[PDB]
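**Student:** Take this structure first; my questions come after.
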Amino acid sequence: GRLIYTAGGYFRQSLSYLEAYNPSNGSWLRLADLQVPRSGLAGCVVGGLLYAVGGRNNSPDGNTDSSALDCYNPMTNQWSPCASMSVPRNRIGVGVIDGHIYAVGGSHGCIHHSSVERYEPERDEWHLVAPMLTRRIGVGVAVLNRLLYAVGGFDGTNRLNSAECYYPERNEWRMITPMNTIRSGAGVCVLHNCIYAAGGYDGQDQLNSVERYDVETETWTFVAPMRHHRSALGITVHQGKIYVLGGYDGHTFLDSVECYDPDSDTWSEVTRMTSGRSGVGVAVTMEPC
Ligand SMILES: CN(C)C(=O)c1cccc(-c2cccc(-n3ncc(C(=O)O)c3[C@@H]3C[C@H]3c3cn(C)nn3)c2)c1
Ligand SMILES: [Cl-]
């Protein structure tokens with residue numbers, strides 16, 4: 001059985017929580033805390049290991065953007081440090097291609113990154129690759145057909161409807177069709193042949209709208225909106241369904257988890273996180289121990 005892991009996030013300050021939700025039975029487990037609290041981080045999995053990438057420790061004692069990569073082994077319930085990235089990356093996006101982790105965009109103070117770098121677990125090494133054509137923080141990232149997509153975000157001046165694609169064998173970024181909606185701090189993931197962008201912030205309002213990019217047709221289409229408006233949501237895919245976790249609706253730090261069924265085109269309430277939070281990192285792997 002596979003669990004949805006939620007790492008870090010933010011309520012009043014950055015959080016070190018790691019909890020796992022089991023869609024088979026509705027249960028949550030609290031597991032080993034992150035060594036350093038962090039929000040605006042991303043989660044991913046490689047070789048059954050869970051990686052926590054970037055973010056920022058918002059704390060009474062000071063605010064520190066994170067260049068960290070940390071690894072969680074469900075067998076041991078332990079976090080281990082890995083090599084750090086070239087630069088701190090708050091409000092990061094991440095994607096995995098052929099066992100390598102791409103860290104995309106994010107901020108370091110008022111620096112809004114276009115830079116992109118790639119982690120090789122077998123060497124414990126990061127290396128920079130071609131930078132994006134756009135500076136993007138709060139960027140959505142997904143992998144489809146071993147191509148890496150950077151969707152939306154904030155460029156230091158505007159929230160973006162734009163999106164682009166990285167072609168590894170050419171070390172080259174190219175723009176794709178822009179989204180119909182400006183989305184910064186959205187949830188972005190892949191399901192079947194489409195990149196989904198759920199929620200985010202458009203410069204005025206947190207969004208409940210959801211749209212998907214079909215690579216074969218190069219168009220974005222709206223699907224059913226989520227029940228909750230949300231920015232800074234976590235998102236993942238588990239057994240052919242999209243799950244969205246937490247975020248911010250202009251009023252509340254949400255504990256809502258919703259899931260999307262693409263065949264009925266419907267969203268439904270699935271569970272509540274143990275406490276409301278925004279800016280989490282999420283991924284799916286095997287259950288611990
Ligand atoms: C309200 N609060 C501060 C938190 O809940 C929060 C706390 C810690 C980390 C994040 C976070 C995580 C990922 C992306 C972004 N992000 N990246 C870019 C922009 C933008 O604003 O363009 C944003 C923020 C989410 C959107 C936002 C802004 N507003 C007013 N609502 N949502 C933030 C949000
Ligand atoms: Cl922040």
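In the structure tokens, each chain is lettered A, B, ... as it comes, each chain's residues begin at 1, and ligands are numbered from 1 in order of appearance.
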For the contact check between chain A and ligand 2, emit one row per residue of chain A within 12 Å, containing the shortest atom pair and the distance in Å rounded to one decimal, counting only C-alpha atoms and all ligand atoms, chain then rising number order, as JSON lines.

**Tutor:**
{"residue": "A:9", "atom": "CA", "partner": "ligand 2", "partner_atom_place_in_ligand_line": "1 (Cl)", "distance": 9.8}
{"residue": "A:10", "atom": "CA", "partner": "ligand 2", "partner_atom_place_in_ligand_line": "1 (Cl)", "distance": 8.7}
{"residue": "A:11", "atom": "CA", "partner": "ligand 2", "partner_atom_place_in_ligand_line": "1 (Cl)", "distance": 11.2}
{"residue": "A:12", "atom": "CA", "partner": "ligand 2", "partner_atom_place_in_ligand_line": "1 (Cl)", "distance": 11.3}
{"residue": "A:13", "atom": "CA", "partner": "ligand 2", "partner_atom_place_in_ligand_line": "1 (Cl)", "distance": 9.4}
{"residue": "A:14", "atom": "CA", "partner": "ligand 2", "partner_atom_place_in_ligand_line": "1 (Cl)", "distance": 8.7}
{"residue": "A:15", "atom": "CA", "partner": "ligand 2", "partner_atom_place_in_ligand_line": "1 (Cl)", "distance": 12.0}
{"residue": "A:38", "atom": "CA", "partner": "ligand 2", "partner_atom_place_in_ligand_line": "1 (Cl)", "distance": 9.2}
{"residue": "A:39", "atom": "CA", "partner": "ligand 2", "partner_atom_place_in_ligand_line": "1 (Cl)", "distance": 6.8}
{"residue": "A:40", "atom": "CA", "partner": "ligand 2", "partner_atom_place_in_ligand_line": "1 (Cl)", "distance": 6.2}
{"residue": "A:41", "atom": "CA", "partner": "ligand 2", "partner_atom_place_in_ligand_line": "1 (Cl)", "distance": 9.7}
{"residue": "A:54", "atom": "CA", "partner": "ligand 2", "partner_atom_place_in_ligand_line": "1 (Cl)", "distance": 11.5}
{"residue": "A:55", "atom": "CA", "partner": "ligand 2", "partner_atom_place_in_ligand_line": "1 (Cl)", "distance": 7.8}
{"residue": "A:56", "atom": "CA", "partner": "ligand 2", "partner_atom_place_in_ligand_line": "1 (Cl)", "distance": 6.3}
{"residue": "A:57", "atom": "CA", "partner": "ligand 2", "partner_atom_place_in_ligand_line": "1 (Cl)", "distance": 8.2}
{"residue": "A:58", "atom": "CA", "partner": "ligand 2", "partner_atom_place_in_ligand_line": "1 (Cl)", "distance": 6.9}
{"residue": "A:59", "atom": "CA", "partner": "ligand 2", "partner_atom_place_in_ligand_line": "1 (Cl)", "distance": 10.6}
{"residue": "A:63", "atom": "CA", "partner": "ligand 2", "partner_atom_place_in_ligand_line": "1 (Cl)", "distance": 8.8}
{"residue": "A:64", "atom": "CA", "partner": "ligand 2", "partner_atom_place_in_ligand_line": "1 (Cl)", "distance": 9.6}
{"residue": "A:65", "atom": "CA", "partner": "ligand 2", "partner_atom_place_in_ligand_line": "1 (Cl)", "distance": 8.5}
{"residue": "A:66", "atom": "CA", "partner": "ligand 2", "partner_atom_place_in_ligand_line": "1 (Cl)", "distance": 10.9}
{"residue": "A:89", "atom": "CA", "partner": "ligand 2", "partner_atom_place_in_ligand_line": "1 (Cl)", "distance": 10.5}
{"residue": "A:90", "atom": "CA", "partner": "ligand 2", "partner_atom_place_in_ligand_line": "1 (Cl)", "distance": 6.8}
{"residue": "A:91", "atom": "CA", "partner": "ligand 2", "partner_atom_place_in_ligand_line": "1 (Cl)", "distance": 7.0}
{"residue": "A:92", "atom": "CA", "partner": "ligand 2", "partner_atom_place_in_ligand_line": "1 (Cl)", "distance": 10.6}
{"residue": "A:106", "atom": "CA", "partner": "ligand 2", "partner_atom_place_in_ligand_line": "1 (Cl)", "distance": 10.3}
{"residue": "A:107", "atom": "CA", "partner": "ligand 2", "partner_atom_place_in_ligand_line": "1 (Cl)", "distance": 9.0}
{"residue": "A:108", "atom": "CA", "partner": "ligand 2", "partner_atom_place_in_ligand_line": "1 (Cl)", "distance": 10.2}
{"residue": "A:109", "atom": "CA", "partner": "ligand 2", "partner_atom_place_in_ligand_line": "1 (Cl)", "distance": 9.5}
{"residue": "A:110", "atom": "CA", "partner": "ligand 2", "partner_atom_place_in_ligand_line": "1 (Cl)", "distance": 11.3}
{"residue": "A:137", "atom": "CA", "partner": "ligand 2", "partner_atom_place_in_ligand_line": "1 (Cl)", "distance": 10.5}
{"residue": "A:138", "atom": "CA", "partner": "ligand 2", "partner_atom_place_in_ligand_line": "1 (Cl)", "distance": 9.7}
{"residue": "A:185", "atom": "CA", "partner": "ligand 2", "partner_atom_place_in_ligand_line": "1 (Cl)", "distance": 10.9}
{"residue": "A:232", "atom": "CA", "partner": "ligand 2", "partner_atom_place_in_ligand_line": "1 (Cl)", "distance": 9.9}
{"residue": "A:278", "atom": "CA", "partner": "ligand 2", "partner_atom_place_in_ligand_line": "1 (Cl)", "distance": 10.0}
{"residue": "A:279", "atom": "CA", "partner": "ligand 2", "partner_atom_place_in_ligand_line": "1 (Cl)", "distance": 8.1}
{"residue": "A:280", "atom": "CA", "partner": "ligand 2", "partner_atom_place_in_ligand_line": "1 (Cl)", "distance": 11.3}

**Student:** What does the file look like for those residues with N, CA and C atoms, as a short mmCIF file (atom, residue, chain, number, x, y, z; two decimals), in the first residue's frame?

**Tutor:**
data_model
loop_
_atom_site.label_atom_id
_atom_site.label_comp_id
_atom_site.auth_asym_id
_atom_site.auth_seq_id
_atom_site.Cartn_x
_atom_site.Cartn_y
_atom_site.Cartn_z
N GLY A 9 5.19 22.84 5.63
CA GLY A 9 4.06 23.73 5.40
C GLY A 9 4.07 24.87 6.40
N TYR A 10 2.95 25.59 6.50
CA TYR A 10 2.92 26.87 7.24
C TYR A 10 1.57 27.15 7.90
N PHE A 11 1.65 27.45 9.18
CA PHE A 11 0.57 28.00 9.96
C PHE A 11 1.20 28.82 11.10
N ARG A 12 1.08 30.13 11.01
CA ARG A 12 1.71 31.07 11.95
C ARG A 12 3.22 31.11 11.71
N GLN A 13 3.81 29.97 11.38
CA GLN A 13 5.24 29.86 11.06
C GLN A 13 5.45 28.54 10.29
N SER A 14 6.65 28.34 9.78
CA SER A 14 6.98 27.13 9.02
C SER A 14 6.98 25.91 9.95
N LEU A 15 6.60 24.77 9.37
CA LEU A 15 6.28 23.54 10.13
C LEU A 15 7.31 22.44 9.80
N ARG A 38 10.10 23.98 7.34
CA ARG A 38 10.14 24.61 6.06
C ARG A 38 8.73 24.64 5.45
N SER A 39 8.47 25.76 4.82
CA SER A 39 7.32 25.93 3.97
C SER A 39 7.81 26.26 2.55
N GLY A 40 6.90 26.20 1.57
CA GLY A 40 7.24 26.57 0.18
C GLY A 40 8.26 25.64 -0.45
N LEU A 41 8.33 24.42 0.10
CA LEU A 41 9.20 23.33 -0.37
C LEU A 41 8.41 22.44 -1.32
N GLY A 54 14.28 22.32 -0.88
CA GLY A 54 14.09 23.79 -0.84
C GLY A 54 13.10 24.22 0.25
N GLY A 55 12.42 25.35 -0.01
CA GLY A 55 11.49 26.02 0.90
C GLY A 55 12.15 27.16 1.67
N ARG A 56 11.59 27.46 2.84
CA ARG A 56 12.00 28.57 3.68
C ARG A 56 11.53 28.29 5.11
N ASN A 57 12.41 28.52 6.07
CA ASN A 57 12.05 28.46 7.46
C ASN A 57 11.60 29.85 7.93
N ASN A 58 10.30 30.09 7.93
CA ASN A 58 9.73 31.29 8.54
C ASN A 58 9.61 31.04 10.04
N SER A 59 10.37 31.76 10.86
CA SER A 59 10.44 31.47 12.28
C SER A 59 10.58 32.78 13.07
N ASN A 63 14.12 34.37 9.26
CA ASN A 63 13.59 33.73 8.10
C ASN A 63 14.78 33.29 7.24
N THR A 64 14.85 32.01 6.91
CA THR A 64 15.98 31.51 6.12
C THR A 64 15.46 30.69 4.93
N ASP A 65 15.74 31.16 3.71
CA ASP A 65 15.47 30.37 2.50
C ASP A 65 16.39 29.15 2.54
N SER A 66 15.87 28.02 2.02
CA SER A 66 16.51 26.71 2.11
C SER A 66 17.13 26.30 0.77
N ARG A 89 16.07 28.19 -2.65
CA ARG A 89 14.89 28.11 -3.53
C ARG A 89 13.63 27.94 -2.67
N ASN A 90 13.09 29.05 -2.21
CA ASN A 90 11.76 29.10 -1.62
C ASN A 90 10.70 29.10 -2.74
N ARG A 91 9.54 28.51 -2.45
CA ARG A 91 8.40 28.48 -3.39
C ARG A 91 8.85 27.81 -4.71
N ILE A 92 9.50 26.69 -4.53
CA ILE A 92 10.16 25.89 -5.55
C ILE A 92 9.14 24.99 -6.26
N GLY A 106 11.88 29.37 -7.96
CA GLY A 106 11.84 29.76 -6.56
C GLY A 106 12.58 31.05 -6.29
N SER A 107 12.50 31.49 -5.03
CA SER A 107 13.12 32.71 -4.58
C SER A 107 14.24 32.47 -3.56
N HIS A 108 15.13 33.45 -3.56
CA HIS A 108 16.12 33.69 -2.54
C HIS A 108 16.06 35.19 -2.19
N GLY A 109 15.35 35.54 -1.13
CA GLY A 109 15.05 36.93 -0.88
C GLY A 109 14.32 37.52 -2.08
N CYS A 110 14.68 38.73 -2.48
CA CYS A 110 14.05 39.33 -3.67
C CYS A 110 14.65 38.76 -4.96
N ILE A 137 8.75 31.97 -9.49
CA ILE A 137 8.56 31.43 -8.14
C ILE A 137 7.09 31.05 -7.97
N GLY A 138 6.85 30.10 -7.08
CA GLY A 138 5.52 29.54 -6.94
C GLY A 138 5.11 28.83 -8.21
N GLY A 185 1.49 29.81 -7.35
CA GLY A 185 1.24 28.96 -6.18
C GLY A 185 0.08 28.00 -6.37
N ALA A 232 -1.23 27.93 -2.70
CA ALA A 232 -0.18 27.25 -1.91
C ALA A 232 -0.66 25.87 -1.44
N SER A 278 -0.60 25.65 4.82
CA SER A 278 -0.33 25.95 3.41
C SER A 278 1.14 25.66 3.08
N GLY A 279 1.50 25.66 1.81
CA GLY A 279 2.93 25.57 1.42
C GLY A 279 3.59 24.23 1.75
N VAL A 280 2.81 23.12 1.70
CA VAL A 280 3.40 21.81 1.97
C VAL A 280 4.05 21.24 0.71
#

**Student:** Give me the residues near residue 286 in chain A as a ChimeraX atom specification, where near means some atom within 10 Å (using only C-alpha atoms) and where sequence neighbours in that chain fewer than 4 positions away do not count.

**Tutor:** /A:1-5,48-50,73-75

**Student:** Any idea what's packed within 12 Å of residue 123 in chain A, counting only C-alpha atoms, ignoring anything in its chain fewer than 2 positions away? Could you give it as a VMD selection string?

**Tutor:** chain A and resid 82 to 83 99 to 100 118 to 121 125 to 127

**Student:** Can I get the selected residues back with N, CA, C and O atoms, as a CSV table (one decimal), in the first residue's frame?

**Tutor:**
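Printed below is selection14.csv as written:
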chain,number,residue,atom,x,y,z
A,82,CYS,N,21.2,15.3,2.2
A,82,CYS,CA,21.9,15.1,1.0
A,82,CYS,C,22.6,16.4,0.6
A,82,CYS,O,22.5,17.5,1.3
A,83,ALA,N,23.4,16.4,-0.5
A,83,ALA,CA,24.0,17.6,-1.0
A,83,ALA,C,23.0,18.7,-1.2
A,83,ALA,O,21.9,18.5,-1.6
A,99,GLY,N,15.1,9.0,-12.6
A,99,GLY,CA,15.8,8.9,-11.3
A,99,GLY,C,16.6,10.1,-10.9
A,99,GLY,O,17.3,10.1,-10.0
A,100,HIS,N,16.4,11.3,-11.6
A,100,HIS,CA,17.0,12.5,-11.3
A,100,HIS,C,16.0,13.6,-10.9
A,100,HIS,O,14.9,13.5,-11.4
A,118,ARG,N,19.9,20.0,-11.4
A,118,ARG,CA,19.5,18.6,-11.5
A,118,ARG,C,20.3,17.7,-10.5
A,118,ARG,O,21.5,17.8,-10.5
A,119,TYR,N,19.6,16.9,-9.7
A,119,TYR,CA,20.3,16.1,-8.7
A,119,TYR,C,20.4,14.6,-9.2
A,119,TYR,O,19.4,14.1,-9.7
A,120,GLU,N,21.5,14.0,-9.0
A,120,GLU,CA,21.8,12.6,-9.3
A,120,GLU,C,22.0,11.9,-8.0
A,120,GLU,O,23.1,11.9,-7.4
A,121,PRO,N,21.0,11.2,-7.5
A,121,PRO,CA,21.1,10.4,-6.3
A,121,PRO,C,22.4,9.5,-6.2
A,121,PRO,O,23.0,9.4,-5.2
A,125,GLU,N,25.1,14.6,-6.2
A,125,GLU,CA,25.6,15.8,-6.8
A,125,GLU,C,24.4,16.6,-7.5
A,125,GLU,O,23.6,16.0,-8.2
A,126,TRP,N,24.4,17.9,-7.4
A,126,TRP,CA,23.6,18.8,-8.1
A,126,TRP,C,24.5,19.4,-9.3
A,126,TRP,O,25.7,19.7,-9.0
A,127,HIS,N,23.9,19.6,-10.4
A,127,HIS,CA,24.5,20.3,-11.5
A,127,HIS,C,23.5,21.3,-12.2
A,127,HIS,O,22.3,20.8,-12.4

**Student:** Determine which residues of range 3-124 of chain A receive a DSSP assignment of strand (DSSP E or B), computed from the backbone, and state them as JSON, numbers by chain.

**Tutor:** {"A": [3, 4, 5, 6, 7, 10, 11, 13, 14, 18, 19, 20, 21, 28, 29, 30, 39, 40, 41, 42, 43, 44, 45, 46, 49, 50, 51, 52, 53, 54, 55, 56, 57, 58, 59, 62, 63, 64, 65, 69, 70, 71, 72, 73, 78, 79, 80, 81, 90, 93, 94, 95, 96, 97, 100, 101, 102, 103, 104, 107, 108, 111, 112, 116, 117, 118, 119, 120]}

**Student:** Between CA of residue 29 in chain A and CA of residue 62 in chain A, what distance in Å does the model show, to one decimal?

**Tutor:**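 Result for CA of residue 29 in chain A versus CA of residue 62 in chain A: 29.7 Å, one decimal.
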
**Student:** If we count only C-alpha atoms, what is near range 157-166 of chain A at a cut-off of 9 Å, once residues fewer than 6 positions away on the same chain are taken out, given as number ranges by chain?

**Tutor:** A: 130, 132-134, 136, 147-151, 172-184, 201-203

**Student:** Which is closest to ligand 1 among A:274, A:25, A:204, A:6, if we use only C-alpha atoms and all ligand atoms?

**Tutor:**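 Of A:274, A:25, A:204, A:6, the one nearest ligand 1, counting only C-alpha atoms and all ligand atoms, is A:204.
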
**Student:** Give the answer as one residue: which of A:61, A:287, A:70, A:122 has the shortest atom-to-atom distance to residue 33 in chain A, using only C-alpha atoms?

**Tutor:**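 Counting only C-alpha atoms, the residue closest to residue 33 in chain A is A:70.
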
**Student:** So the first atom is CA of residue 229 in chain A and the second is CA of residue 249 in chain A; what is the distance between them in Å, to one decimal place?

**Tutor:**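 Straight-line distance from CA of residue 229 in chain A to CA of residue 249 in chain A works out to 5.4 Å.
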